[PDB]
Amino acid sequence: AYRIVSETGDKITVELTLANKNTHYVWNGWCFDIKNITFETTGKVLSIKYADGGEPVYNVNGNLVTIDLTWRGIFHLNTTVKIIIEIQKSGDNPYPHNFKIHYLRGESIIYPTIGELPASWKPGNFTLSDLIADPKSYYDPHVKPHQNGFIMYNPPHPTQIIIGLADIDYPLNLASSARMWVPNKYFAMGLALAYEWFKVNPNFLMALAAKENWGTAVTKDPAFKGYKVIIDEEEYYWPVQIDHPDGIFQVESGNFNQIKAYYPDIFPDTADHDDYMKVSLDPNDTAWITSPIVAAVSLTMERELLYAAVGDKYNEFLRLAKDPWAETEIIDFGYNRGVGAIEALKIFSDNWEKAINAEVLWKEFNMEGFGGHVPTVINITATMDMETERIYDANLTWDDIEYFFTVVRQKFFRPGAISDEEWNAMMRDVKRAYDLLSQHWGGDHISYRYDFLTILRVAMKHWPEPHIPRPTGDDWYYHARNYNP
């Protein structure tokens, strides 16, 4: 909001009022972190001061003027900042105009839409055709190979989830061989939500968990001792530290609390590290659902962090780099070593020409990671992507579907993001969509591979827009402002 304070002779004074009007919590409005403010004037700037005292840093670039709120750029609930601008009249456009608030968040960040519900779809009593565009491609068992890394830029199928359960010839954690394995259906639905919400490749999370703590992989290796697991009447070993508080993704307590502060819209105030990550042999453990999602958020944080600093050069880097897996290598490296490690690489600045021309990015920059973390994850991901013969599937009962959303309701979002009525209304849509899609299989169940993405999209139609909230808060403001990769 802006207002003319004083107009007299050759001097114009405008009061720009910025605020977070929200008194209570609202979606993506619990806090606002402002990078900078830009307005336009042909007149010369005399003084820019706060109304309550002091003054912000401002920069003039011709008609464009960039105001820096510095330590006042953070806007929590019920917080107003008024800026008084004094201009000496000059040119044909003296009045300050075209005010643009720039949030501390990469505006050029992209999240690939995996698929969409048919345009005819409506909340209430939709038909089967309102769920399925064409029955041919929807139930098409044929598999198309892909080469996606961390982000699914080009999904193999619009409505299907393709988890490549391929054999791994690569020595995973000093093992002879390895076999990709989904522990249970609830963890799979976890990956699916992480895939539809934050556009994260399920194969990448599978590969990550395998390297971190054998969470998603079994082996024939006699040397490795673990739990007895049988696939196709063959004995396999599952060497997972199931008691590890950091879970199968090895998400540290410090990283958990950090992204918790970054994303209040995602995490409730009661979000505890152990309850969210620590899984067990019991498939009914809620952490089977939460841990792949928490990992997806923590991974997303890094991508959001780079975008906030690098800005537009991120997209330029993706299209000009000679390494196809480049982004995946960076993100995976920052997951294991930390975001500071990526920053210290100075890839997007000092070593721009070296990384952008690197055929293999992790080899030149020595981004091996602990125990060859980065090369392991990439190769397994590539293998799972290349797998077309053996794709994961499961039978999801209604009790499975309802349990999943129950856990989501309890472990994610804040009170007020989704009303009780809006949720019950969403469930009726999910219930109907389940019933309609179950007919193809006999009414006993739906396919995780073929139907569950549709189930999510139906549910997410009632989820607050935009679905992906902004990283915000005090901690995010300092880190993202000073981040220089």
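The first residue of the sequence shown is number 1, and the count goes up from there.
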Q) Hey, which bit's got the bigger mean C-alpha B factor in the entry, 21 to 29 or 6 to 14? A) 6 to 14
**Q.** Stretch exceeding the other in mean C-alpha B-factor - 74 to 82, 384 to 392
**A.** 384 to 392
**Q.** Criterion, highest CA B-factor; candidates, 444, 451, 429, 68
**A.** 444
Q: Among the candidates 305, 287, 259, 132, give the one with the maximum CA B-factor reported in the record.
A: 132
Q: For residue 212, return the chain-relative third of its C-alpha B-factor as stated in the PDB record: lowest, middle or highest.
A: middle
Q) Within this chain, which third does the Cα B-factor at residue 137 fall in: lowest, middle or highest? A) highest
Q | Modelled-residue ranking by C-alpha temperature factor, third containing residue 404 | A | lowest
Q) residue 200: which third of its chain by C-alpha temperature factor? A) lowest
Q: Report the third (lowest, middle or highest) to which the CA temperature factor of residue 373 belongs, ranking only the modelled residues of the same chain.
A: highest
